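Colleague: Mind looking over this structure? Questions follow.
Any read-out appearing in this document is the output of simple, stated calculations on the displayed coordinates, not a laboratory observation. Note that each Cβ is placed from the backbone with ideal geometry, even for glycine, and that neighbours are counted across all protein chains shown.
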Amino acid sequence: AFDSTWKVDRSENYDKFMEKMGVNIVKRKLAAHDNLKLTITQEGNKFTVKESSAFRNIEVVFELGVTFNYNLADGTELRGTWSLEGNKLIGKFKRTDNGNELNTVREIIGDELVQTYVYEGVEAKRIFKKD
Ligand SMILES: O=C(c1ccccc1)c1ccc2n1CC[C@H]2C(=O)O
């Protein structure tokens with residue numbers, strides 16, 4: 001049951017990614033965790049991501065077996081991949097600065113989701129909740 005409206009509750013080391021990856025604050029303001037909306041619209045071998053925020057907006061399509069894209073000179077650029085194994089999804093990114101590796105594993109911890117991301121020395125976790 002991935003396809004649905006997802007609203008992040010709490011986060012851990014999220015700021016960590018903002019520094020090591022150099023993620024802007026203006027965009028991170030609501031994307032940090034407090035006011036971040038992560039939408040899931042699984043479509044075939046690709047999942048649509050609709051992000052909702054106060055004034056800012058974000059979105060990124062996903063495809064099992066394809067690279068991630070988040071190039072933003074205004075904030076940061078991260079390119080990786082995304083794949084799902086059974087009931088678990090493992091996304092990834094890579095910084096253009098020096099091709100830094102970034103890993104993310106989202107598991108279904110019952111009625112909630114426990115996210116764990118890592119990026120060269122920077123590992124950030126994130127507990128999820130639904131609207
Ligand atoms: O959606 C983003 C984003 C990243 C860079 C620029 C613009 C948006 C995001 C925030 C936080 C995170 N992402 C991607 C997965 C997770 C992480 O990095 O670990």
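Colleague: Mind checking which residues of segment 1-27 are of a type in the set (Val, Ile, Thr) and either assigned to a strand (DSSP E or B) or touching a residue at least 24 places away in the same chain (Cβ under 8 Å) (or both)?
Modeller: Result: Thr5, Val8, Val23, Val26.
Colleague: When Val61 is evaluated against the numbered criteria (1) farther than 19 Å from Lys129 by Cα; (2) near the ligand (Cβ under 9 Å from one of its atoms); (3) within 13 Å of the chain's Cα centre (by Cα), which criterion, by number, is the only one it fails?
Modeller: Only one criterion is unmet by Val61, namely (2).
Colleague: Here's something else I'd like to know. Among the residues of segment 103-128, write down those that are under 11 Å from the mean Cα position of the chain (by Cα) and within 22 Å of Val61 (Cβ to Cβ).
Modeller: If the condition is that a residue be under 11 Å from the mean Cα position of the chain (by Cα) and within 22 Å of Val61 (Cβ to Cβ), then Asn103, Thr104, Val105, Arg106, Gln115, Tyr117, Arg126 are the ones that fit.
Colleague: Turning to a different aspect of this structure: For the structure I just gave you, tell me whether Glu107 is surrounded by 15 or more Cβ atoms within 10 Å (Cβ to Cβ), acidic (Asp, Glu) and either within 22 Å of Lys27 (Cβ to Cβ) or in contact with a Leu (Cβ under 8 Å, 6 or more places away or on another chain) (or both).
Modeller: In short, no.
Colleague: Collect the residues in segment 101-131 that are among the β-branched types (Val, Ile, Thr) and closer than 11 Å to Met21 by Cβ, keeping them in residue-number order.
Modeller: Answer for segment 101-131, where residues must be among the β-branched types (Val, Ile, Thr) and closer than 11 Å to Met21 by Cβ: just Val122.
Colleague: Given the residues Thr116, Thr48, which is the only one that is farther than 16 Å from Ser4 by Cα and of a type outside the set (D, E, K, R)? Spell out how you get there, then give the answer.
Modeller: Details: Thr48 fails: farther than 16 Å from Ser4 by Cα.
The conditions single out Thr116.
Colleague: Output the strands (runs of 3 or more DSSP E) that fall wholly within segment 73-131 and possess 2 or more residues being away from the ligand (no atom under 11 Å from the Cβ) and within 20 Å of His33 (Cβ to Cβ), or say none.
Modeller: Numbers: elements: 82-85, 88-95, 100-109, 112-119, 122-130.
Passing ranges, in order: 100-109, 112-119, 122-130.
Colleague: Please go through segment 24-58 and give me each residue that is of a type in the set (S, T, N, Q) and either under 15 Å from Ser11 (Cβ atoms) or within 13 Å of the ligand (Cβ to nearest atom) (or both), ordered by number. Spell out how you get there, then give the answer.
Modeller: To start, the set of residues in segment 24-58 that are of a type in the set (S, T, N, Q) comprises 24, 35, 39, 41-42, 45, 48, 52-53, 57.
Answer for segment 24-58, where residues must be of a type in the set (S, T, N, Q) and either under 15 Å from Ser11 (Cβ atoms) or within 13 Å of the ligand (Cβ to nearest atom) (or both): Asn24, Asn35, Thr39, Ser52, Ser53, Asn57.
Colleague: Based on this model, can you work out whether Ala31 counts as surrounded by 14 or more Cβ atoms within 10 Å (Cβ to Cβ), small (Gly, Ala, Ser) and out of contact with any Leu (no Cβ under 7 Å at 6 or more places or on another chain)?
Modeller: yes
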